[PDB]
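Peer 1: Structure file query.csv, CSV, C-alpha atoms, is pasted below:
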```csv
chain,number,residue,atom,x,y,z
A,1,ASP,CA,-16.1,-18.4,20.9
A,2,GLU,CA,-17.9,-17.4,24.2
A,3,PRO,CA,-18.2,-14.2,26.3
A,4,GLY,CA,-15.4,-13.3,28.7
A,5,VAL,CA,-13.7,-10.5,30.6
A,6,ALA,CA,-10.5,-9.0,29.2
A,7,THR,CA,-7.6,-9.2,31.6
A,8,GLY,CA,-4.0,-7.9,31.5
A,9,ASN,CA,-2.1,-4.7,31.0
A,10,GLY,CA,-0.4,-5.1,27.6
A,11,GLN,CA,2.9,-3.3,27.2
A,12,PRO,CA,4.0,0.4,27.0
A,13,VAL,CA,4.1,1.1,23.3
A,14,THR,CA,5.6,4.3,21.8
A,15,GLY,CA,6.1,5.2,18.1
A,16,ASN,CA,5.0,3.0,15.2
A,17,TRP,CA,3.2,0.3,17.2
A,18,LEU,CA,2.6,-2.2,14.3
A,19,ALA,CA,6.1,-1.7,12.7
A,20,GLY,CA,7.0,-4.8,14.7
A,21,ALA,CA,3.8,-6.7,13.7
A,22,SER,CA,5.7,-7.9,10.6
A,23,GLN,CA,8.6,-9.5,12.6
A,24,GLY,CA,9.0,-12.5,15.0
A,25,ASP,CA,6.3,-12.7,17.7
A,26,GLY,CA,4.6,-9.5,16.5
A,27,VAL,CA,3.9,-6.7,19.0
A,28,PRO,CA,2.2,-6.6,22.4
A,29,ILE,CA,-1.1,-4.8,22.9
A,30,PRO,CA,-0.4,-1.2,23.9
A,31,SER,CA,-1.1,-0.6,27.6
A,32,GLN,CA,-3.4,2.3,26.8
A,33,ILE,CA,-5.4,-0.1,24.6
A,34,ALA,CA,-5.4,-2.8,27.4
A,35,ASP,CA,-6.7,0.1,29.5
A,36,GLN,CA,-9.8,0.3,27.2
A,37,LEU,CA,-10.5,-3.5,27.3
A,38,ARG,CA,-9.3,-4.8,30.6
A,39,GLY,CA,-12.1,-5.7,33.0
A,40,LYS,CA,-14.8,-5.2,30.3
A,41,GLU,CA,-17.1,-8.0,29.2
A,42,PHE,CA,-16.7,-9.2,25.6
A,43,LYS,CA,-19.5,-11.2,24.0
A,44,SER,CA,-17.2,-12.9,21.5
A,45,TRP,CA,-13.8,-12.6,19.9
A,46,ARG,CA,-15.4,-10.4,17.3
A,47,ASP,CA,-16.6,-8.1,20.0
A,48,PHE,CA,-13.2,-7.9,21.6
A,49,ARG,CA,-11.5,-7.5,18.2
A,50,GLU,CA,-13.9,-4.7,17.4
A,51,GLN,CA,-13.5,-2.9,20.7
A,52,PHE,CA,-9.7,-3.4,20.3
A,53,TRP,CA,-9.5,-1.7,16.9
A,54,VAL,CA,-12.1,0.9,18.0
A,55,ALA,CA,-9.8,1.7,21.0
A,56,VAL,CA,-6.7,1.8,18.6
A,57,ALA,CA,-8.7,4.2,16.3
A,58,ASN,CA,-9.6,6.2,19.4
A,59,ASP,CA,-5.9,6.6,20.4
A,60,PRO,CA,-4.4,9.6,18.6
A,61,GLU,CA,-0.8,8.3,19.0
A,62,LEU,CA,-1.6,4.9,17.6
A,63,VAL,CA,-4.2,5.8,14.9
A,64,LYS,CA,-1.8,8.4,13.4
A,65,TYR,CA,0.2,5.4,12.0
A,66,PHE,CA,-2.9,4.3,10.0
A,67,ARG,CA,-4.2,6.0,6.9
A,68,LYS,CA,-7.9,7.0,6.5
A,69,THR,CA,-9.5,3.8,5.2
A,70,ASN,CA,-7.7,1.7,7.9
A,71,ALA,CA,-8.6,4.3,10.6
A,72,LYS,CA,-12.2,4.5,9.3
A,73,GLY,CA,-12.5,0.7,9.4
A,74,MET,CA,-10.9,0.6,12.9
A,75,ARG,CA,-13.6,3.1,14.1
A,76,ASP,CA,-16.1,0.4,12.9
A,77,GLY,CA,-14.0,-2.2,14.9
A,78,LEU,CA,-12.6,-3.6,11.6
A,79,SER,CA,-9.1,-5.0,11.6
A,80,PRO,CA,-6.8,-2.7,9.6
A,81,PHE,CA,-5.3,-4.2,6.4
A,82,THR,CA,-1.6,-4.8,6.5
A,83,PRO,CA,0.6,-3.6,3.7
A,84,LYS,CA,0.2,-6.1,0.8
A,85,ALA,CA,3.8,-7.4,1.4
A,86,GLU,CA,2.6,-8.5,4.9
A,87,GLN,CA,-0.6,-10.3,3.7
A,88,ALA,CA,-0.8,-14.1,3.4
A,89,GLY,CA,-3.3,-14.7,0.6
A,90,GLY,CA,-6.8,-14.5,2.0
A,91,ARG,CA,-5.4,-13.1,5.3
A,92,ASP,CA,-4.8,-9.4,4.8
A,93,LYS,CA,-5.7,-7.8,8.2
A,94,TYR,CA,-3.5,-7.3,11.2
A,95,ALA,CA,-4.1,-10.5,13.2
A,96,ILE,CA,-4.6,-10.5,17.0
A,97,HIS,CA,-2.6,-13.6,17.8
A,98,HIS,CA,-3.1,-15.7,21.0
A,99,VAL,CA,0.5,-16.4,22.0
A,100,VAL,CA,-0.7,-19.4,24.1
A,101,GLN,CA,-3.2,-21.0,21.7
A,102,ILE,CA,-6.8,-21.2,23.0
A,103,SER,CA,-6.7,-24.9,22.1
A,104,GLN,CA,-3.7,-25.2,24.6
A,105,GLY,CA,-5.5,-23.3,27.4
A,106,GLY,CA,-4.6,-19.9,26.1
A,107,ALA,CA,-6.9,-17.1,27.6
A,108,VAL,CA,-9.0,-15.7,24.7
A,109,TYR,CA,-9.3,-12.3,26.3
A,110,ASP,CA,-6.1,-12.1,28.2
A,111,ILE,CA,-4.5,-9.0,26.6
A,112,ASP,CA,-1.0,-10.2,27.7
A,113,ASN,CA,-1.7,-13.4,25.7
A,114,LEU,CA,-2.2,-11.2,22.5
A,115,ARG,CA,0.3,-10.1,19.9
A,116,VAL,CA,-0.6,-8.1,16.8
A,117,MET,CA,1.0,-9.8,13.8
A,118,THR,CA,0.8,-9.4,10.0
A,119,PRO,CA,-0.8,-12.4,8.3
A,120,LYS,CA,2.7,-13.2,6.9
A,121,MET,CA,4.1,-13.5,10.5
A,122,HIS,CA,0.8,-14.9,11.9
A,123,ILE,CA,0.7,-17.9,9.5
A,124,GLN,CA,4.3,-18.9,10.6
A,125,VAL,CA,2.6,-19.7,13.9
B,3,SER,CA,-15.8,-10.4,-10.2
B,4,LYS,CA,-16.6,-7.1,-12.1
B,5,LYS,CA,-13.7,-5.7,-14.3
B,6,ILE,CA,-12.8,-2.0,-14.3
B,7,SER,CA,-14.3,-1.9,-17.9
B,8,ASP,CA,-17.6,-3.2,-16.4
B,9,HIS,CA,-17.8,-0.2,-14.1
B,10,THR,CA,-18.6,3.5,-14.8
B,11,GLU,CA,-15.9,5.6,-13.1
B,12,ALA,CA,-18.7,7.1,-10.8
B,13,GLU,CA,-19.7,3.5,-9.9
B,14,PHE,CA,-16.1,2.5,-9.1
B,15,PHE,CA,-15.4,5.8,-7.3
B,16,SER,CA,-18.5,5.1,-5.2
B,17,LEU,CA,-16.9,1.7,-4.1
B,18,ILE,CA,-13.7,3.5,-3.1
B,19,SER,CA,-15.6,6.3,-1.4
B,20,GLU,CA,-17.4,3.7,0.7
B,21,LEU,CA,-14.1,2.7,2.3
B,22,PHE,CA,-13.4,6.3,3.4
B,23,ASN,CA,-17.0,7.3,4.2
B,24,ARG,CA,-19.2,4.2,4.9
B,25,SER,CA,-19.4,2.2,8.2
B,26,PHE,CA,-19.2,-1.6,7.4
B,27,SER,CA,-21.2,-3.9,9.7
B,28,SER,CA,-18.4,-6.6,9.3
B,29,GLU,CA,-14.9,-7.2,7.9
B,30,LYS,CA,-16.6,-9.5,5.3
B,31,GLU,CA,-18.8,-6.7,4.1
B,32,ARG,CA,-15.9,-4.3,3.8
B,33,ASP,CA,-13.8,-6.9,2.1
B,34,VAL,CA,-16.4,-7.3,-0.7
B,35,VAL,CA,-15.8,-3.6,-1.5
B,36,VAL,CA,-12.1,-3.6,-1.0
B,37,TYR,CA,-11.7,-6.7,-3.3
B,38,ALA,CA,-14.2,-5.4,-5.8
B,39,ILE,CA,-11.8,-2.4,-6.1
B,40,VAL,CA,-8.5,-4.2,-5.8
B,41,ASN,CA,-9.4,-7.2,-8.0
B,42,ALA,CA,-10.7,-4.8,-10.7
B,43,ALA,CA,-7.8,-2.4,-10.3
B,44,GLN,CA,-5.0,-5.0,-11.1
B,45,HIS,CA,-2.7,-2.5,-9.4
B,46,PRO,CA,0.5,-4.4,-8.4
B,47,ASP,CA,0.2,-2.7,-4.9
B,48,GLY,CA,-3.2,-4.2,-4.4
B,49,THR,CA,-4.9,-3.0,-1.2
B,50,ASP,CA,-1.9,-0.7,-0.5
B,51,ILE,CA,-3.3,1.7,-3.2
B,52,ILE,CA,-6.3,2.2,-0.7
B,53,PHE,CA,-4.9,1.5,2.7
B,54,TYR,CA,-1.2,2.6,2.3
B,55,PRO,CA,-1.1,5.8,0.3
B,56,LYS,CA,2.6,6.9,0.3
B,57,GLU,CA,3.4,10.3,2.1
B,58,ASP,CA,3.4,11.9,-1.5
B,59,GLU,CA,-0.1,10.3,-2.4
B,60,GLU,CA,-3.6,11.6,-1.7
B,61,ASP,CA,-5.3,9.6,1.0
B,62,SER,CA,-8.8,10.0,-0.5
B,63,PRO,CA,-11.3,8.1,-2.8
B,64,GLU,CA,-10.0,10.5,-5.5
B,65,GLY,CA,-6.4,9.6,-4.8
B,66,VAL,CA,-7.2,5.9,-4.9
B,67,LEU,CA,-9.2,6.3,-8.1
B,68,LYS,CA,-6.3,8.4,-9.6
B,69,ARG,CA,-3.7,5.7,-8.6
B,70,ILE,CA,-5.8,3.0,-10.2
B,71,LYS,CA,-6.6,5.0,-13.3
B,72,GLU,CA,-3.0,6.2,-13.8
B,73,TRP,CA,-1.5,2.7,-13.3
B,74,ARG,CA,-4.0,1.1,-15.7
B,75,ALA,CA,-3.7,4.0,-18.3
B,76,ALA,CA,0.1,3.7,-18.2
B,77,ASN,CA,0.2,-0.1,-18.3
B,78,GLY,CA,-2.0,-1.0,-21.2
B,79,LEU,CA,-5.2,-1.8,-19.2
B,80,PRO,CA,-8.6,-0.5,-20.1
B,81,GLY,CA,-10.5,2.2,-18.1
B,82,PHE,CA,-14.1,2.5,-17.1
B,83,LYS,CA,-17.2,2.2,-19.4
B,84,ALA,CA,-18.6,5.6,-20.3
```
Before we go any further, please render this structure as structure tokens.
Peer 2:
Amino acid sequence: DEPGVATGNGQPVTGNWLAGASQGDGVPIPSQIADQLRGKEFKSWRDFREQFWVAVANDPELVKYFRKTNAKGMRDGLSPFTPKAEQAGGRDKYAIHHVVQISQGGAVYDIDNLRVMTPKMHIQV
Amino acid sequence: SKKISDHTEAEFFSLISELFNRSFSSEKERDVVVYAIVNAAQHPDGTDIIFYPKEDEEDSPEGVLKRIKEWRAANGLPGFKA
């Protein structure tokens, strides 16, 4: 867990971004969120994750799909809780998944290597 | 670890209020509050009662407290200490 520079564009996302987080490979990072991270230094995964969720909370069209405690947490950089149905025991937050695992040379801060997943989906990878 | 019956309502309400109103320094710190609430609540919907209020439900510390109290009161579980 070392500093790095986020790279990548994510994907155009419209409507309920995390609706797909509970299925298959999860959802790509919205391009407008990539816009807030790409080219910036991150001191750690935590720092990236925080700025990620802060950016989500700061995006009216994404944050509107989160209720107040999730949105409040996200403004603090805290991963929003998934619906209980999408939690996997201890894991209850939307997971930012590295599609190519870091252990397999996956880029920690490559936004295009990230999918948001529910724990339920995440744990099946 | 603290049961609903071990909390005053104000005490428990304070926990819920933190989730709407307090900035947590970490996910761990927030989780302590969330789980203090959810573990005590014994609401079948668990964290949803805080984080996923339905369109018809009040997204507020009061709504969460109501959803917890109503469920417990209707399902044979004790409320707060006086």
Peer 1: Please determine the contact residues of chain B with respect to chain A at a cut-off of 12 Å, counting all atoms listed in the file, and supply them as a ChimeraX atom specification.
Peer 2: /B:18-33,35-37,40,45-57,59-63,65-66
Peer 1: Those residues with C-alpha atoms, as a PDB file, keeping the file's coordinate frame please?
Peer 2:
```pdb
ATOM      1  CA  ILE B  18     -13.700   3.500  -3.100  1.00  0.00           C
ATOM      2  CA  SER B  19     -15.600   6.300  -1.400  1.00  0.00           C
ATOM      3  CA  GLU B  20     -17.400   3.700   0.700  1.00  0.00           C
ATOM      4  CA  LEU B  21     -14.100   2.700   2.300  1.00  0.00           C
ATOM      5  CA  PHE B  22     -13.400   6.300   3.400  1.00  0.00           C
ATOM      6  CA  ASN B  23     -17.000   7.300   4.200  1.00  0.00           C
ATOM      7  CA  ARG B  24     -19.200   4.200   4.900  1.00  0.00           C
ATOM      8  CA  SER B  25     -19.400   2.200   8.200  1.00  0.00           C
ATOM      9  CA  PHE B  26     -19.200  -1.600   7.400  1.00  0.00           C
ATOM     10  CA  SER B  27     -21.200  -3.900   9.700  1.00  0.00           C
ATOM     11  CA  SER B  28     -18.400  -6.600   9.300  1.00  0.00           C
ATOM     12  CA  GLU B  29     -14.900  -7.200   7.900  1.00  0.00           C
ATOM     13  CA  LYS B  30     -16.600  -9.500   5.300  1.00  0.00           C
ATOM     14  CA  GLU B  31     -18.800  -6.700   4.100  1.00  0.00           C
ATOM     15  CA  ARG B  32     -15.900  -4.300   3.800  1.00  0.00           C
ATOM     16  CA  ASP B  33     -13.800  -6.900   2.100  1.00  0.00           C
ATOM     17  CA  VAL B  35     -15.800  -3.600  -1.500  1.00  0.00           C
ATOM     18  CA  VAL B  36     -12.100  -3.600  -1.000  1.00  0.00           C
ATOM     19  CA  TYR B  37     -11.700  -6.700  -3.300  1.00  0.00           C
ATOM     20  CA  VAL B  40      -8.500  -4.200  -5.800  1.00  0.00           C
ATOM     21  CA  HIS B  45      -2.700  -2.500  -9.400  1.00  0.00           C
ATOM     22  CA  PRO B  46       0.500  -4.400  -8.400  1.00  0.00           C
ATOM     23  CA  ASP B  47       0.200  -2.700  -4.900  1.00  0.00           C
ATOM     24  CA  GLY B  48      -3.200  -4.200  -4.400  1.00  0.00           C
ATOM     25  CA  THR B  49      -4.900  -3.000  -1.200  1.00  0.00           C
ATOM     26  CA  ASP B  50      -1.900  -0.700  -0.500  1.00  0.00           C
ATOM     27  CA  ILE B  51      -3.300   1.700  -3.200  1.00  0.00           C
ATOM     28  CA  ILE B  52      -6.300   2.200  -0.700  1.00  0.00           C
ATOM     29  CA  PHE B  53      -4.900   1.500   2.700  1.00  0.00           C
ATOM     30  CA  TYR B  54      -1.200   2.600   2.300  1.00  0.00           C
ATOM     31  CA  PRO B  55      -1.100   5.800   0.300  1.00  0.00           C
ATOM     32  CA  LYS B  56       2.600   6.900   0.300  1.00  0.00           C
ATOM     33  CA  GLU B  57       3.400  10.300   2.100  1.00  0.00           C
ATOM     34  CA  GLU B  59      -0.100  10.300  -2.400  1.00  0.00           C
ATOM     35  CA  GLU B  60      -3.600  11.600  -1.700  1.00  0.00           C
ATOM     36  CA  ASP B  61      -5.300   9.600   1.000  1.00  0.00           C
ATOM     37  CA  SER B  62      -8.800  10.000  -0.500  1.00  0.00           C
ATOM     38  CA  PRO B  63     -11.300   8.100  -2.800  1.00  0.00           C
ATOM     39  CA  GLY B  65      -6.400   9.600  -4.800  1.00  0.00           C
ATOM     40  CA  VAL B  66      -7.200   5.900  -4.900  1.00  0.00           C
TER      41      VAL B  66
END
```
Peer 1: Which distance in Å separates CA of residue 110 in chain A and CA of residue 15 in chain A, to one decimal?
Peer 2: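 Going from CA of residue 110 in chain A over to CA of residue 15 in chain A, I get 23.5 Å.
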Peer 1: Interatomic distance between CA of residue 9 in chain B and CA of residue 82 in chain B?
Peer 2: 5.5 Å
Peer 1: Near residue 43 in chain B, within 9 Å and counting all atoms listed in the file, which residues show up once chain neighbours fewer than 6 positions away are dropped, as a count of residues only?
Peer 2: 6
Peer 1: Excluding residue 41 in chain A and any residue of its chain fewer than 3 positions from it, enumerate the residues within 7 Å of it, using all atoms listed in the file, and give them as a list in words.
Peer 2: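 My list of contacting residues is residues 3, 4, 5 and 6 of chain A.
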Peer 1: Restricting the calculation to all atoms listed in the file, which member of A:114, A:56, A:107, A:88 is positioned closest to residue 22 in chain A?
Peer 2: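 Answer, going by the shortest atom-to-atom distance: A:88.
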Peer 1: Report the distance between CA of residue 19 in chain A and CA of residue 97 in chain A in Å, rounded to one decimal place.
Peer 2: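 So the two atoms, CA of residue 19 in chain A and CA of residue 97 in chain A, lie 15.6 Å apart.
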Peer 1: Using only C-alpha atoms, which protein or nucleic acid residues come within 9 Å of residue 84 in chain B? Drop anything in the same chain fewer than 4 positions from it, and give the result as a list in words.
Peer 2: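 Everything that qualifies: residues 7, 9, 10 and 11 of chain B.
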Peer 1: Keeping C-alpha atoms for every residue in the selection just given, could you write it to a file as a short mmCIF file (atom, residue, chain, number, x, y, z; two decimals), in the frame of the given file?
Peer 2:
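See out38.cif below for the written result:
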```
data_model
loop_
_atom_site.label_atom_id
_atom_site.label_comp_id
_atom_site.auth_asym_id
_atom_site.auth_seq_id
_atom_site.Cartn_x
_atom_site.Cartn_y
_atom_site.Cartn_z
CA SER B 7 -14.30 -1.90 -17.90
CA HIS B 9 -17.80 -0.20 -14.10
CA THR B 10 -18.60 3.50 -14.80
CA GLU B 11 -15.90 5.60 -13.10
#
```
Peer 1: Pick out the closest residue to residue 34 in chain A from this set: A:94, A:65, A:109, A:17. Count all atoms listed in the file.
Peer 2: A:109
Peer 1: Counting only C-alpha atoms, which residues sit no farther than 10 Å from the position (-15.8, -19.2, 23.2) in the file's frame? I'd like them as a PyMOL selection string.
Peer 2: chain A and resi 1-4+43-45+102+108-109
Peer 1: For residue 125 in chain A, list every protein, DNA or RNA residue within 10 Å, evaluated using only C-alpha atoms, and leave out those in the same chain fewer than 2 positions away; present the list as a ChimeraX atom specification.
Peer 2: /A:24-25,97-99,101,119-123
